[PDB]
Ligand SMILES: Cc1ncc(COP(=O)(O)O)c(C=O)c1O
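Consider the single chain below, provided in structure tokens and representing the form deposited without pyridoxal-5'-phosphate.
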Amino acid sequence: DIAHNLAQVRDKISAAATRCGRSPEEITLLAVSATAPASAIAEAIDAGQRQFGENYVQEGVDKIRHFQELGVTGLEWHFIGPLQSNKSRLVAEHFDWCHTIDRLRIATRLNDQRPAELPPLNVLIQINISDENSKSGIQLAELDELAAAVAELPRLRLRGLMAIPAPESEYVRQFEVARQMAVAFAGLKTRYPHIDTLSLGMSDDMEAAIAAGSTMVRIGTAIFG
């Protein structure tokens, strides 16, 4: 049952925040609805969930159009998969957030393809903080330069950072890696305006991510099976 699962995930988020002295409202639950059908998303919507993350552009755009045409208002769609230049226009035209900025060219394409009537597309710069098998995300040493370039794009809004750490079973390493991100996030927040989003943590490392300073957790399986 999707509604029961949302309540259970929101409980674990709330607990983890309270345990480390944070208000549960500091943590956004991003429901990863990739691979789940629109009908299941509609259950989640009926249970109050409003922010959904999609990994593939056409799947995501199809859901977005479906709920727009039902007249369901008030949703926030996050594109959280790797973005190819030949699918940027679809992201720029339909999504509210994109978590995977790791190249200036893709950010500029998104900016150019974003209709002017829409709010600026909220973007996070993706850091490859610890995963040698992934080619997604930049190194931290590239962050200052990329952030400065991205920040000038008027149809984008740089809101913070995202990372997908390498899989890790030890809580200690989960926390230390998440802290590296939180430190980078804090440093960015001092110089840049409206830095408020650290997209960090999934089901298996949710507690360490929240203890370290994440503002947004991405949960898929635990919600949609």
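The first residue of the sequence shown is number 1, and the count goes up from there.
Mean C-alpha temperature factor, higher of 54-62 and 35-43 | 35-43 has the higher mean C-alpha B-factor.
Decide which of the stretches 162-170 and 195-203 has the higher mean C-alpha B-factor, going by the entry.
-> Looking at the record's C-alpha B-factors, the answer is 162-170.
Ordered by C-alpha B-factor within the chain, which third holds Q49? Give me lowest, middle or highest, please.
-> Its C-alpha B-factor belongs to the middle third of this chain's values.
Divide the modelled residues of the chain into thirds by Cα B-factor and specify which third, lowest, middle or highest, holds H78.
-> It falls in the bottom third of the chain.
Looking at the C-alpha B-factor of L118, is it in the lowest, middle or highest third of its chain?
-> Highest third.
Would you mind checking where the Cα B-factor of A209 ranks among the modelled residues of its chain, as the lowest, middle or highest third?
-> Its C-alpha B-factor, which the entry lists for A209, ranks in the lowest third among residues of this chain.
Of the three thirds of its chain by CA temperature factor, lowest, middle or highest, which one includes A151?
-> Middle third of the chain for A151's C-alpha B-factor.
One more form of this protein, deposited with pyridoxal-5'-phosphate bound, exists but is not displayed; see below.
Exactly one of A182, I27, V57, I45 has a non-hydrogen atom within 4.5 Å of pyridoxal-5'-phosphate in the entry with it bound; which residue is it?
-> Partner contact (heavy atom, 4.5 Å) among the options: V57.
Given that the partner is absent here, state which listed stretch (152-160, 48-56, 64-72, 190-198) has heavy atoms within 4.5 Å of pyridoxal-5'-phosphate in the entry with it bound.
-> In the other structure, the partner sits against 48-56.
May I ask you to check whether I41 falls inside a 4.5 Å heavy atom distance of pyridoxal-5'-phosphate in the entry with it bound?
-> Heavy-atom contact with pyridoxal-5'-phosphate at 4.5 Å: absent for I41.
So in the entry with it bound, does any heavy atom of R109 sit within 4.5 Å of pyridoxal-5'-phosphate?
-> Answer no; every heavy atom of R109 is more than 4.5 Å from pyridoxal-5'-phosphate in the entry with it bound.
If you check in the entry with it bound, is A17 within 4.5 Å of pyridoxal-5'-phosphate, heavy atoms only?
-> No, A17 stays farther than 4.5 Å from pyridoxal-5'-phosphate in the entry with it bound.
Hey, in the entry with it bound, does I80 get a heavy atom within 4.5 angstroms of pyridoxal-5'-phosphate?
-> Looking in the entry with it bound, residue contacts with pyridoxal-5'-phosphate include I80, since a heavy atom lies within 4.5 Å.
Taking pyridoxal-5'-phosphate as it sits in the entry with it bound, which residues of 194-213 have a non-hydrogen atom within 4.5 Å of it? Please list them.
-> Heavy-atom contacts within 4.5 Å come from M202, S203.
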